């Protein structure tokens, strides 16, 4: 169910927070885009905050989804779930402990957001089930009491597979 909310978007992924609210990364959205989900961009409310992108639609497309809470990051030390999909069919829940806010440069590209450490990053990578460049846009979600909270979207991972950056807003 939650997995049906994470969909291909551009060169990566995005996530439906509510029937009219979709979050992704600007790194994913192709250059020169004109329409999203059949809706002209001029009709879509667009908020970009660094690598974080928030789209709100005039009409409730995806009427099946239950709206979730969108927050800016998580308290330091909070364990969250990183829900990554691959184009090949794998659905992978990785555990992530969130740290402080940071800026990171890997390959000339600079990203910013909340830093996190994957608890099994090295383990998943050793079996070729770790983070890859195509995982950009996948959500960081945790359950707070009876709330389901989305704290941001994936934008980068270190080559070792353990250090990640979550874009927020």
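Residue numbers count along the first chain shown, from 1.
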property	result
Entry-level comparison of average CA B-factors, 99 to 107 and 137 to 145, reporting the higher stretch	99 to 107
Between the two ranges 112 to 120 and 127 to 135, the one averaging a larger CA B factor in the entry	127 to 135
Residue 11 CA temperature factor, ranked by third within the chain	lowest
For residue 18, the third of its chain into which the C-alpha B factor falls	highest
Cα B factor band for residue 162 (lowest, middle or highest third within the chain)	lowest
